[PDB]
Amino acid sequence: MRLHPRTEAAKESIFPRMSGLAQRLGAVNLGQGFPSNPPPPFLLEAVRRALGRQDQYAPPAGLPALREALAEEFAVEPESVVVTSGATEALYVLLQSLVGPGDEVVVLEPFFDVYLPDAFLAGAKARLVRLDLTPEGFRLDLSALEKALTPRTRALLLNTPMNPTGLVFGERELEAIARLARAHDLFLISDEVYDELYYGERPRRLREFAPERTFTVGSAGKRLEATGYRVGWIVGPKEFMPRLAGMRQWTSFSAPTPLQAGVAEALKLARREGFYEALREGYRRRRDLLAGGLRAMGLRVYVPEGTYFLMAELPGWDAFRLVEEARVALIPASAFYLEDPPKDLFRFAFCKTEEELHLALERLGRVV
Amino acid sequence: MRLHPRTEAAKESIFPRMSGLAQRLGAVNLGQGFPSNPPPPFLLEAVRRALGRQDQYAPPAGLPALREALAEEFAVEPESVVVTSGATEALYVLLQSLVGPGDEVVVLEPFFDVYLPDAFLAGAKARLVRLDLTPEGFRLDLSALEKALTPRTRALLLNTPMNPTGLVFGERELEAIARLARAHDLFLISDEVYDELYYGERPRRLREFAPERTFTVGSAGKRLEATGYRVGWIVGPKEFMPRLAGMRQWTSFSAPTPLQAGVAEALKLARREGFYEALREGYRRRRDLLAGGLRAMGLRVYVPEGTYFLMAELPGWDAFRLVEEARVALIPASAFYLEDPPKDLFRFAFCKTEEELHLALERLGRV
Ligand SMILES: *Cc1c(COP(=O)(O)O)cnc(C)c1O
Ligand SMILES: *Cc1c(COP(=O)(O)O)cnc(C)c1O
Ligand SMILES: CSCCC(=O)C(=O)O
Ligand SMILES: CSCCC(=O)C(=O)O
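Residues numbered from 1 in each chain as written, not as in the entry; some residues may be left out. Chains lettered and ligands numbered in written order. Heavy atoms only, no water.

In the PDB header, X-ray crystallography is given as the technique by which the entry was determined, and 2.60 Å as its resolution.

Here is the structure:
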């Protein structure tokens, strides 16, 4: 008796693997992304208030309260919102409902750890499109993007703000995509879990330009510093939504109720108390600190416009040697690139305390 | 642009759709099974202690504490335990790991609405194996079981205490089933979310007869009256575990940290405080009460051995036409069987207050 060949895709993600390596080595974890602080008090109290009164099942699509709250933020009706057990389940169930054997899916590179595996588990094939790493940071070359479409291609998967690059797609760029989308009738899947986490002008969502074909993915845990709550969501044309609620219902049924209840209150409060504004500033401060401290170490640093990840190049090192000898953990570029990853490109996470970032800066320092 | 054909199965499940109808109609919801009371105090307290301390990502396989708590209850080691976002995810991930294009999966009948869709979504066939229905009650047939076994069969999928029959499989039958599996070199998927909800005698576990190929599935929701916590588990041979964690990794990454944290303490407190003991007590009453009350009316009632459900026969009736006039929710057998499902067989659910049980009978009587 042997497992089905499909299970060849079930390999320990690099993120949780390095997190274990770090505790074991007493290293500073700047790898897997998750805040070192607890989530805001209003979320915790909202969850506390839900325990003992909203502990049982919830409609597969989500608690009405949560849907209504997402509806307002997005300016859509409740029917167009489906609450999943994390953005992770949103992405899996999405690809699952949009591609299959013989179908192609464009995926920008470097990509996010869950895409390819999700694609493969659906049957589709990865149409990687490597962004250029010019001395001014990454950038999408629409020509190279365009040269990658075919009669098979049934969908395009975007990530903005982008993990791990930190790139924020600009208006003109989104047009070009919503455009190409329509031209070949391609589906649009936008991973925007970091929608509220940007450091410049407020980005323009992608559903604006190509509403009829856009699926926008978000995460409560990436919004409210509570990555362990597993409450995510899909927002797209209401006609398809009912099926998606059908899919995710076989995968896990519905998200945790008391957590769905708490996030519901928390999303509205957050919009009223200016929580996202403060969070962004707290992140910009730590972004500049890390990037600035690395700069002083004559390293090449590519300042991000969004998310709490940043990319730098450390000459002549590799994750596993760095974690053991410098006591600092990082995610190696080869985790995002399917082939030939820019040697010496590492990803730093700065959703940590100022003291952890400094500790990393000092340890990396005396290891010239 | 159209959604991939696979979505054929992505059809709203009956249970949440009937609860919406029941609710909306002001009808007693003895359909979808979920307790009317809140989870025990020691589970809420423990979750509360976790909020603020354990809110970030846990490992895909699960929180060390939880895996260890389960490891002790099942007499195995942590590595053979993988925590899932509810049992529902156990099943999905499971069937998706043992069968694909070309494989077949034996399934008993009546079934749990998740079974075929999963098999279906796995790209494999799921030949059924209906059970009998003598006056005594349901009945298994190792013969039919023995027959459905073809060369393409990769695994069987048991479920005891069985939902929706309340049937608690006996030792000789498990063992009998164990034999088949080892002979044909099959996998055994045991859905045991109701392992602690039995009205009879401490039921034996399949894994005691074929521990080398049996995957046991459980659920904190069913054990602890907290169905919305979405914390479940798969306990199987350690050699296959690293893979199962890798599959669920891609589905929902890992279960809710605070809930996993709280369930971990609760599983231990439960044994100690004799919680399960008493949970079985109160479920007995409500079991007897709801069935006797149906005899007084004069119907065919099958007193279950386990679970908090129970099936009965309602003369020339159906589903929606009931939740409209009688204003009481029930589940028609059409959801458990694929074709030609028994006449007038409706599954209730007595995990409600005594009040709700009574008030459900009244509205039943005047019809
Ligand atoms: C964190 C992350 C996810 C997953 O979010 P969850 O809600 O934790 O499952 C998906 N996509 C990207 C790009 C992420 O950074
Ligand atoms: C409740 C139930 C499930 C699902 O359990 P979750 O932990 O809520 O996902 C699966 N199988 C049976 C027989 C059940 O009764
Ligand atoms: C869900 S694993 C971690 C995902 C993430 O935020 C990361 O890119 O580190
Ligand atoms: C499929 S959600 C409901 C699960 C359950 O307990 C039931 O069968 O009623």
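Observations concerning empty space enclosed by the protein
Per the stated rule, a full pass over the model turns up nine cavities of 30 Å³ or more. Lining the largest cavity are 28 residues, and of these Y57 of chain A together with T88, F112, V114 and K222 of chain B sit closest to its centre. If you list the elements that add at least two residues to the lining of the largest cavity, you get α9 (241-251) of chain A together with α4 (87-98) and α8 (220-223) of chain B. Residue classes in the lining of the largest cavity are distributed as 12 nonpolar, 11 polar and five charged. Each pocket or cavity is described by its volume, and for the second largest cavity that value is around 350 Å³. If you go around the second largest cavity, you meet 24 residues; those closest to its centre are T88, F112, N163 and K222 of chain A together with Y57 of chain B. Here the lining of the second largest cavity gets three residues from one element, more than from any other, and that element is helix α4 (residues 87-98) of chain A. Inspection of the lining of the second largest cavity shows a minimum of three residues originating in each of domain 1 (1-39 + 271-368) and domain 2 (40-270) of chain A. (1 Å grid on protein atoms, 1.4 Å probe; cavity = no way out; pocket = protein on both sides within 12 Å on 5 of 7 lines; lining within 4 Å. Points joined across faces, edges and corners; volume = space filled by probe spheres on them. Helix = DSSP H or I, 4+ residues; strand = E, 2+ residues; numbered from the N terminus. Nonpolar A, V, L, I, M, F, W, Y, C, P; charged D, E, K, R; others polar. Domains from an automatic or database assignment.)

As for the domain arrangement of chain B
Residues and elements named next belong to chain B. For chain B, the assigned domains are domain 1 (1-39 + 271-367) and domain 2 (40-270). A straight line from the C-alpha centre of domain 1 to that of domain 2 covers 22 Å. Taken residue by residue, the interface counts 40 residues in domain 1 and 47 residues in domain 2. Across the interface of domain 1 and domain 2, roughly 4,000 Å² is buried in total on both sides, 58% from carbon and sulfur atoms. Across the contact surface, domain 1 and domain 2 share three salt bridges. When the shortest N-O distance is used, the salt bridge between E73 and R271 registers 3.1 Å. Connecting domain 1 to domain 2 are 26 residue pairs in polar contact. (Contact = heavy atoms within 4.5 Å. Buried area = accessible area lost by both parts, 1.4 Å probe. Salt bridge = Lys/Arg side-chain N within 4 Å of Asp/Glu carboxyl O. Polar contact = N/O pair within 3.5 Å; in protein donor to acceptor, adjacent residues only side chain to side chain.)

Here's the deal with the packing of aromatic side chains
Summed over the entire model, instances satisfying the criterion amount to 30 aromatic pairs over all chains. Taking the centre distance of 5.8 Å and the plane angle of 75° together, the rings of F112 of chain A and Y115 of chain A count as edge-to-face. Side by side, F112 of chain A and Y115 of chain A carry an identical accessibility label, which is buried. Ring geometry for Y194 of chain B against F309 of chain B: centres 6.5 Å apart, planes inclined by 70°, an arrangement best described as edge-to-face. Of this pair, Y194 of chain B sits in the loop between β7 (187-191) and β8 (214-219) while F309 of chain B sits in the loop between β10 (301-302) and β11 (311-313); the two residues are 115 residues apart in sequence, bridging distant segments of the chain. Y194 of chain B gets classed as buried once you look at its relative accessible area, which sits at 4%. Residue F309 of chain B is classed as buried on the basis of its relative accessible area, which comes to 4%. (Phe/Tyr/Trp six-rings, centres within 6.5 Å; stacked < 30°, edge-to-face > 60°. Buried < 20%, exposed > 50% of the residue type's maximum accessible area, 1.4 Å probe, protein only.)

Observations concerning the domain arrangement of chain A
Many analyses report the size of an interface as the accessible area lost when the parts associate. All names here are of chain A. Domain boundaries in chain A define domain 1 (1-39 + 271-368) and domain 2 (40-270). Just the C-alpha atoms count here: the centres of domain 1 and domain 2 sit 22 Å apart. Across the domain 1 to domain 2 interface the summed buried area is about 4,000 Å²; carbon plus sulfur atoms make up 59%. Inspection of the region where domain 1 meets domain 2 yields three salt bridges. In this structure, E196 engages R280 in a salt bridge whose closest nitrogen and oxygen atoms are separated by 3.2 Å. The set of elements that each furnish at least two residues to the side of domain 1 that touches domain 2 consists of α1 (14-25), α10 (257-273), α11 (275-295), β11 (300-302), β12 (309-313) and β15 (345-349). Counted by class, the side of domain 1 that touches domain 2 contains 23 nonpolar, six polar and 13 charged residues.

Remarks on helix α3 (residues 64-73) of chain B
Residues and elements named next belong to chain B. Within α3, the full set of buried residues consists of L66, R67, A69, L70, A71 and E73. Buried residues belonging to α3 abut β2 (81-84), α8, β9 (232-235), α10 (257-273) and α11 (275-295). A75, located one to two residues past α3, shows a positive phi value of around 55°.

Focus on the sheet that holds β12 of chain A
All names here are of chain A. An order of β11-β12-β15-β14 is seen for the four strands of this open sheet, with the pairing classed as antiparallel. The open sheet terminates on both sides in strands that have one partner only, identified here as β11 and β14 (331-332). Relative to β12, β11 runs antiparallel, the two sharing three bridges. Its bridge partner lying in β12, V301 is registered against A312. Each of β11, β12 and β15 is contacted by α11, which is oriented at about 5° to β12, the strand it contacts most. (Pairing = 2+ DSSP bridges. Axes fitted to C-alpha atoms, helices over the stretch in contact; angles between N-to-C directions.)

Details of the pairing of β2 of chain B
All names here are of chain B. Burial along β2 is two-sided: the residues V81 and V83 and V82 and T84 are all buried. Bridging between β2 and β9 involves four bridges; their strand directions are antiparallel. Following the sheet pairing, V82 is matched in β9 by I234.

What about the sheet that holds β10 of chain B?
Residues and elements named next belong to chain B. Pairing in this open sheet of four strands is antiparallel, and the strands run β10-β11-β14-β13 from one edge to the other. In this open sheet, the two edge strands, each paired with only one partner strand, are β10 and β13 (331-332). Both β10 and β11 contribute to a ladder of two bridges, which runs antiparallel. Bridging from a neighbouring strand, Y302 pairs with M311 of β11.

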